[PDB]
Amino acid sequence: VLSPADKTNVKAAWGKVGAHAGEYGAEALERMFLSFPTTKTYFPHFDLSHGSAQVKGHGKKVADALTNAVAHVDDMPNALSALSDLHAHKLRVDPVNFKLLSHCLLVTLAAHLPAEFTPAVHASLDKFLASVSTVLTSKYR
């Protein structure tokens, strides 16, 4: 479970993203597709080229969802219920692949917010993304 400090850390870090939430979302996807090309196979109807508008648009969606999850950090499963159904039942994403996007999100945040990305904040963000992931695959915290 997320601690009071975890919650403070997550809200603070994600707040530091400024006007660039969508950009960072798109960067994380771009990193994931390059390092872990298996993930590209979930997006057959996407142009996945570098700087793709579809990827940029999708990164904004992922960012918006994370922004909402940070807002409702005390009730994650409720905030992400629709996305859980979508990823677990419609899209049928490999649960183990959530670790890949989570990793690429952390790398992106580290690359943009080096002052903010302390070991404690790192831990809080990883826990947060790990729970987002389990909620999305199985509606469990």
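Throughout, we count residues from 1 along the sequence that is shown. We call the rigid core the largest set of C-alpha positions that still match within 1.5 Å between the two forms.
Taken in 6 other deposited structures of this protein and fitted on the core, 81-89 and 100-108 differ in how far their Cα atoms move from the shown form, and the one that moves more is 81-89. With 129-137 and 14-22 as candidates, the stretch whose CA atoms show the greater average offset from this form in 6 other deposited structures of this protein after a core fit is 14-22. Of the two segments examined, 75-83 and 102-110, it is 75-83 that shows the higher average Cα temperature factor in the deposited entry. Of the two stretches examined, 57-65 and 89-97, the record assigns the greater average C-alpha temperature factor to 89-97. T38 sits in the middle third of its chain by CA B factor, as recorded in the PDB entry. For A19, the recorded CA temperature factor ranks within the highest third of the chain's modelled residues.
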